[PDB]
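The structure file data.txt is reproduced below (compact mmCIF, C-alpha atoms).
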```txt
# COMPACT_ATOMS: atom_id res chain seq x y z
CA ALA A 1 -16.17 17.95 42.64
CA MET A 2 -15.20 15.76 39.68
CA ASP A 3 -12.55 13.10 38.93
CA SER A 4 -10.64 15.18 36.32
CA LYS A 5 -7.58 12.84 36.31
CA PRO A 6 -4.84 13.66 33.73
CA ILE A 7 -4.02 11.50 30.70
CA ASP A 8 -1.87 8.41 31.40
CA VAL A 9 -0.82 5.22 29.51
CA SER A 10 -1.93 2.65 32.15
CA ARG A 11 -5.39 3.43 30.73
CA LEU A 12 -4.53 1.48 27.58
CA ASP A 13 -2.66 -1.67 26.49
CA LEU A 14 -1.07 -3.21 23.37
CA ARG A 15 -0.45 -6.80 22.15
CA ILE A 16 1.47 -8.56 19.33
CA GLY A 17 -0.70 -9.02 16.24
CA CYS A 18 -0.14 -10.86 12.97
CA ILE A 19 -0.68 -9.40 9.52
CA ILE A 20 -1.67 -11.88 6.79
CA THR A 21 -1.15 -9.57 3.80
CA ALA A 22 -1.65 -6.09 2.37
CA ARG A 23 -3.06 -4.72 -0.95
CA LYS A 24 -4.61 -1.55 -2.44
CA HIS A 25 -7.46 0.09 -0.53
CA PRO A 26 -11.01 0.60 -1.96
CA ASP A 27 -11.29 4.22 -0.65
CA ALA A 28 -8.81 6.98 -1.61
CA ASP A 29 -5.20 6.27 -2.68
CA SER A 30 -3.84 7.68 0.61
CA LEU A 31 -4.94 4.53 2.42
CA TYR A 32 -3.84 0.92 2.06
CA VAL A 33 -5.66 -2.30 2.92
CA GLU A 34 -4.07 -4.87 5.12
CA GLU A 35 -5.50 -7.97 6.85
CA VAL A 36 -5.03 -8.99 10.46
CA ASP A 37 -5.18 -12.52 11.84
CA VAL A 38 -7.75 -13.09 14.60
CA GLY A 39 -9.89 -15.95 15.96
CA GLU A 40 -12.28 -15.89 12.99
CA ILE A 41 -13.09 -18.11 10.03
CA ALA A 42 -11.28 -15.54 7.86
CA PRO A 43 -8.86 -12.64 8.53
CA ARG A 44 -10.23 -9.10 8.93
CA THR A 45 -9.38 -6.01 6.90
CA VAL A 46 -7.73 -2.96 8.47
CA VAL A 47 -7.07 0.54 7.04
CA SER A 48 -3.90 2.52 7.76
CA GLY A 49 -3.47 6.23 7.05
CA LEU A 50 -0.13 6.17 5.24
CA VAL A 51 0.59 7.92 1.93
CA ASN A 52 4.40 8.33 1.98
CA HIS A 53 5.46 6.16 4.93
CA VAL A 54 6.52 2.50 5.34
CA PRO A 55 4.98 0.78 2.31
CA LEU A 56 2.38 -1.94 2.69
CA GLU A 57 4.86 -4.13 0.85
CA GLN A 58 7.21 -3.96 3.86
CA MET A 59 4.37 -4.69 6.31
CA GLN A 60 3.03 -7.66 4.31
CA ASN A 61 2.67 -10.74 6.56
CA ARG A 62 4.50 -8.96 9.42
CA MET A 63 4.12 -9.40 13.21
CA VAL A 64 4.21 -6.16 15.25
CA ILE A 65 2.53 -4.39 18.16
CA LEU A 66 -1.19 -3.64 17.62
CA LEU A 67 -4.09 -2.44 19.82
CA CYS A 68 -5.23 -4.98 22.44
CA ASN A 69 -8.30 -3.23 24.00
CA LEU A 70 -7.99 0.15 22.26
CA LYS A 71 -10.66 0.61 19.60
CA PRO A 72 -10.13 1.77 15.98
CA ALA A 73 -12.43 4.18 14.08
CA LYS A 74 -13.41 4.85 10.41
CA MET A 75 -10.85 6.21 7.94
CA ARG A 76 -12.34 7.84 4.76
CA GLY A 77 -15.14 5.24 4.78
CA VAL A 78 -13.67 1.88 5.81
CA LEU A 79 -13.62 0.97 9.53
CA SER A 80 -10.30 -0.52 10.63
CA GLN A 81 -10.29 -3.51 12.98
CA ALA A 82 -6.77 -2.88 14.35
CA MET A 83 -3.82 -0.42 14.08
CA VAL A 84 -0.06 -1.01 13.77
CA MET A 85 2.24 0.80 16.23
CA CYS A 86 5.11 2.53 14.48
CA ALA A 87 7.65 5.30 14.95
CA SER A 88 7.19 8.37 12.75
CA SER A 89 9.61 11.14 11.75
CA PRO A 90 9.93 13.17 8.55
CA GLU A 91 13.16 11.37 7.54
CA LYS A 92 11.73 7.81 7.77
CA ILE A 93 9.14 5.60 9.46
CA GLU A 94 9.62 2.17 11.03
CA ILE A 95 7.20 -0.26 12.62
CA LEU A 96 8.14 -1.22 16.17
CA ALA A 97 8.58 -4.92 16.96
CA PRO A 98 10.33 -6.57 19.89
CA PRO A 99 13.94 -7.70 19.08
CA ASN A 100 12.89 -11.34 19.64
CA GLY A 101 9.91 -13.56 20.50
CA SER A 102 7.10 -11.59 18.79
CA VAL A 103 4.59 -14.27 19.85
CA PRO A 104 0.89 -13.36 19.14
CA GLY A 105 -0.11 -13.40 22.81
CA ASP A 106 2.51 -11.22 24.47
CA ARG A 107 1.12 -7.86 25.66
CA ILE A 108 3.32 -4.93 26.66
CA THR A 109 2.51 -4.25 30.30
CA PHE A 110 4.72 -3.50 33.31
CA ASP A 111 4.09 -2.99 37.02
CA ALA A 112 5.19 0.64 36.45
CA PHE A 113 1.78 1.38 34.85
CA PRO A 114 -0.99 -0.83 36.32
CA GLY A 115 -4.45 -0.42 34.81
CA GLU A 116 -7.19 -2.13 32.81
CA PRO A 117 -10.14 -1.05 30.54
CA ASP A 118 -13.72 -1.12 31.86
CA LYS A 119 -15.69 -2.64 28.96
CA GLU A 120 -13.53 -1.68 26.03
CA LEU A 121 -11.63 1.53 25.18
CA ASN A 122 -14.17 3.07 22.81
CA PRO A 123 -12.76 5.25 20.01
CA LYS A 124 -14.88 8.16 21.19
CA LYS A 125 -12.85 8.29 24.44
CA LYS A 126 -9.80 9.37 22.35
CA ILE A 127 -7.45 7.76 24.93
CA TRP A 128 -4.73 6.55 22.53
CA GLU A 129 -4.23 9.93 20.87
CA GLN A 130 -4.57 11.69 24.25
CA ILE A 131 -1.18 10.41 25.43
CA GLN A 132 0.33 9.73 21.95
CA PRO A 133 2.58 12.88 21.96
CA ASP A 134 4.17 11.56 25.19
CA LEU A 135 5.48 8.37 23.54
CA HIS A 136 8.89 8.87 21.92
CA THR A 137 12.07 6.86 21.21
CA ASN A 138 15.03 7.84 23.41
CA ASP A 139 18.61 8.33 22.07
CA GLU A 140 19.03 4.52 22.29
CA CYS A 141 15.87 4.41 20.14
CA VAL A 142 13.85 2.68 22.84
CA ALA A 143 10.16 3.57 22.71
CA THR A 144 9.39 5.20 26.05
CA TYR A 145 6.01 6.46 27.24
CA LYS A 146 5.37 8.73 30.21
CA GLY A 147 9.02 7.96 31.09
CA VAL A 148 8.13 4.30 31.77
CA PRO A 149 9.55 1.23 29.91
CA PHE A 150 7.84 -0.41 26.91
CA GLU A 151 8.24 -4.19 27.44
CA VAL A 152 6.29 -7.42 27.97
CA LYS A 153 6.43 -7.81 31.77
CA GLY A 154 10.02 -8.59 32.86
CA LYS A 155 12.27 -8.83 29.71
CA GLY A 156 11.38 -8.17 26.07
CA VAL A 157 11.69 -4.43 25.61
CA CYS A 158 10.52 -3.09 22.28
CA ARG A 159 12.97 -0.74 20.59
CA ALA A 160 13.31 0.95 17.24
CA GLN A 161 16.10 0.26 14.72
CA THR A 162 17.09 3.78 13.59
CA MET A 163 14.21 5.82 15.09
CA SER A 164 15.78 8.10 17.71
CA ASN A 165 14.01 11.19 19.14
CA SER A 166 11.02 10.16 16.98
CA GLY A 167 7.40 10.29 18.10
CA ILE A 168 5.70 6.93 18.35
CA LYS A 169 2.16 6.38 17.08
```
Could I get this structure in the form of structure tokens?
Amino acid sequence: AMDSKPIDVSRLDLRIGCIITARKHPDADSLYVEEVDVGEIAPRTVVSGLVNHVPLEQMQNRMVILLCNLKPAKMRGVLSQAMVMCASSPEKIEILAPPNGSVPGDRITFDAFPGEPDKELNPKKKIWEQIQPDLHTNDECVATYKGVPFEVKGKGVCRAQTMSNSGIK
């Protein structure tokens, strides 16, 4: 026999991260450089795969949901250190932030999906993208995954502004 469990979101987690700034990327034009604030002597560069989506200019010095234990991978050549959670649709794209608070410590986790990573969620496990198609904004534009709420414990649900029926990634 084997475990063979299906994909589920309790196998991952997300936290509020702070962007310091954004500028042009060294590798191809289809990427943009951005810097995330962490417990280091200096911020760390990240690389986002966006060519005709929310501009880096709108994400400059922003605070949004980013990967807590999920691991990033290389893009073109640069290796990102984090990734910004946003809602995507062909009409527009918007980063998802909670309507208030946005403190760099809050992590979206609810008793509806209990789970933790073993060592770290290595990028080779492809966990994030495994369940990614199952995360969409409802009619009320609330990001919902696996039919469970997206919020920091009790209170503080993260919702989109105009992103309804859009896939979240």
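Taking only C-alpha atoms, the non-local environment of residue 28 (chain A) within 8 Å (same-chain residues fewer than 3 positions away omitted) comprises residues 25, 31 and 76 of chain A.
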Serialized selection, C-alpha atoms, as an mmCIF file, in the coordinates of the input:
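Saved to selection-v4.cif:
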```cif
data_model
loop_
_atom_site.group_PDB
_atom_site.id
_atom_site.type_symbol
_atom_site.label_atom_id
_atom_site.label_comp_id
_atom_site.auth_asym_id
_atom_site.auth_seq_id
_atom_site.Cartn_x
_atom_site.Cartn_y
_atom_site.Cartn_z
ATOM 1 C CA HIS A 25 -7.460 0.090 -0.530
ATOM 2 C CA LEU A 31 -4.940 4.530 2.420
ATOM 3 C CA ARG A 76 -12.340 7.840 4.760
#
```
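Using all atoms listed in the file, the smallest distance between any of A:69, A:60, A:89, A:109 and residue 151 (chain A) comes from A:109.
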Residues within 12 Å of (11.1, 15.1, 7.8), file coordinates, counting only C-alpha atoms: what are they? Give the list as a tab-separated table (two decimals) with C-alpha atoms, in the frame of the given file.
```tsv
chain	number	residue	atom	x	y	z
A	52	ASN	CA	4.40	8.33	1.98
A	53	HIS	CA	5.46	6.16	4.93
A	88	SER	CA	7.19	8.37	12.75
A	89	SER	CA	9.61	11.14	11.75
A	90	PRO	CA	9.93	13.17	8.55
A	91	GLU	CA	13.16	11.37	7.54
A	92	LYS	CA	11.73	7.81	7.77
A	93	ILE	CA	9.14	5.60	9.46
A	166	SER	CA	11.02	10.16	16.98
A	167	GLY	CA	7.40	10.29	18.10
```
*Excluding same-chain residues fewer than 3 positions from residue 152 (chain A), what lies within 9 Å of it counting only C-alpha atoms, as an NGL selection string?*
:A and (15 or 106-110 or 155-158)
*Between A:111, A:34, A:94, A:118, which one has atoms that come closest to residue 150 (chain A), using all atoms listed in the file?*
A:111
*Neighbour list for region 63-66 of chain A as a count of residues only, cut-off 6 Å, all atoms listed in the file, skip fewer than 2 positions in-chain*: 9
As lines of an AutoDock Vina configuration file, please report the centre and edge lengths, rounded to one decimal in Å, of the axis-aligned box that holds all listed atoms of region 76-95 of chain A with 6 Å of padding on each of the six sides.
```
center_x = -1.0
center_y = 4.8
center_z = 10.5
size_x = 40.3
size_y = 28.7
size_z = 23.5
```
*What lies within 10 Å of residue 134 (chain A) using all atoms listed in the file, ignoring chain neighbours under 4 positions off, as a PyMOL selection string?*
chain A and resi 7-9+129-130+144-147+167-169
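What separates CA of residue 70 (chain A) from CA of residue 54 (chain A) is a distance of 22.4 Å.
Distance-wise, CA of residue 43 (chain A) and CA of residue 117 (chain A) end up 24.9 Å apart.
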_Selection near residue 159 (chain A), 7 Å with all atoms listed in the file, sequence-local residues under 2 positions removed, as a PyMOL selection string_ = chain A and resi 96+98+141-143+157+161
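Between CA of residue 164 (chain A) and CA of residue 46 (chain A) there is a distance of 27.6 Å.
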*Identify the residues within 7 Å of coordinate (-7.6, -1.8, 10.8) (same frame as the file), considering all atoms listed in the file, and give the answer as a ChimeraX atom specification.*
/A:45-48,72,79-83
*Shortest interatomic distance to residue 114 (chain A) - which of A:24, A:153, A:126, A:74, counting all atoms listed in the file*: A:153
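Each of A:50, A:163, A:33, A:86 was compared to residue 138 (chain A) using all atoms listed in the file, and A:163 turns out to be the nearest.
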*Which is closer to residue 27 (chain A) than all the others in A:40, A:13, A:78, A:3, using only C-alpha atoms?*
A:78
Complete the atoms of region 87-103 of chain A to N, CA and C atoms and put them out as a PDB file, keeping the file's coordinate frame.
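This is the output file out_20.pdb:
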```pdb
ATOM      1  N   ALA A  87       6.964   4.069  14.626  1.00  0.00           N
ATOM      2  CA  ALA A  87       7.650   5.300  14.950  1.00  0.00           C
ATOM      3  C   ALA A  87       7.640   6.182  13.713  1.00  0.00           C
ATOM      4  N   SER A  88       7.258   7.438  13.879  1.00  0.00           N
ATOM      5  CA  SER A  88       7.190   8.370  12.750  1.00  0.00           C
ATOM      6  C   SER A  88       8.107   9.588  12.922  1.00  0.00           C
ATOM      7  N   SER A  89       8.723   9.983  11.818  1.00  0.00           N
ATOM      8  CA  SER A  89       9.610  11.140  11.750  1.00  0.00           C
ATOM      9  C   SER A  89       9.605  11.556  10.283  1.00  0.00           C
ATOM     10  N   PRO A  90       9.986  12.806   9.968  1.00  0.00           N
ATOM     11  CA  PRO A  90       9.930  13.170   8.550  1.00  0.00           C
ATOM     12  C   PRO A  90      11.002  12.495   7.677  1.00  0.00           C
ATOM     13  N   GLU A  91      12.081  12.019   8.288  1.00  0.00           N
ATOM     14  CA  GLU A  91      13.160  11.370   7.540  1.00  0.00           C
ATOM     15  C   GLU A  91      12.822   9.924   7.148  1.00  0.00           C
ATOM     16  N   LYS A  92      12.100   9.214   8.014  1.00  0.00           N
ATOM     17  CA  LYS A  92      11.730   7.810   7.770  1.00  0.00           C
ATOM     18  C   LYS A  92      10.701   7.347   8.786  1.00  0.00           C
ATOM     19  N   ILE A  93      10.159   6.157   8.578  1.00  0.00           N
ATOM     20  CA  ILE A  93       9.140   5.600   9.460  1.00  0.00           C
ATOM     21  C   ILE A  93       9.410   4.112   9.572  1.00  0.00           C
ATOM     22  N   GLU A  94       9.367   3.590  10.787  1.00  0.00           N
ATOM     23  CA  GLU A  94       9.620   2.170  11.030  1.00  0.00           C
ATOM     24  C   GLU A  94       8.629   1.601  12.018  1.00  0.00           C
ATOM     25  N   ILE A  95       8.129   0.415  11.722  1.00  0.00           N
ATOM     26  CA  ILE A  95       7.200  -0.260  12.620  1.00  0.00           C
ATOM     27  C   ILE A  95       8.014  -0.772  13.800  1.00  0.00           C
ATOM     28  N   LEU A  96       7.421  -0.776  14.984  1.00  0.00           N
ATOM     29  CA  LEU A  96       8.140  -1.220  16.170  1.00  0.00           C
ATOM     30  C   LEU A  96       7.743  -2.646  16.548  1.00  0.00           C
ATOM     31  N   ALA A  97       8.746  -3.511  16.595  1.00  0.00           N
ATOM     32  CA  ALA A  97       8.580  -4.920  16.960  1.00  0.00           C
ATOM     33  C   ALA A  97       9.572  -5.214  18.086  1.00  0.00           C
ATOM     34  N   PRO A  98       9.304  -6.241  18.905  1.00  0.00           N
ATOM     35  CA  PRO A  98      10.330  -6.570  19.890  1.00  0.00           C
ATOM     36  C   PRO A  98      11.520  -7.261  19.188  1.00  0.00           C
ATOM     37  N   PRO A  99      12.756  -7.093  19.709  1.00  0.00           N
ATOM     38  CA  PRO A  99      13.940  -7.700  19.080  1.00  0.00           C
ATOM     39  C   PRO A  99      13.932  -9.233  18.977  1.00  0.00           C
ATOM     40  N   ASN A 100      13.000  -9.885  19.664  1.00  0.00           N
ATOM     41  CA  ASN A 100      12.890 -11.340  19.640  1.00  0.00           C
ATOM     42  C   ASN A 100      11.526 -11.762  20.190  1.00  0.00           C
ATOM     43  N   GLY A 101      11.181 -13.030  20.013  1.00  0.00           N
ATOM     44  CA  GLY A 101       9.910 -13.560  20.500  1.00  0.00           C
ATOM     45  C   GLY A 101       8.756 -13.262  19.561  1.00  0.00           C
ATOM     46  N   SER A 102       8.231 -12.041  19.635  1.00  0.00           N
ATOM     47  CA  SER A 102       7.100 -11.590  18.790  1.00  0.00           C
ATOM     48  C   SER A 102       5.955 -12.619  18.711  1.00  0.00           C
ATOM     49  N   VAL A 103       5.647 -13.265  19.827  1.00  0.00           N
ATOM     50  CA  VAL A 103       4.590 -14.270  19.850  1.00  0.00           C
ATOM     51  C   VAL A 103       3.231 -13.560  19.947  1.00  0.00           C
TER      52      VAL A 103
END
```
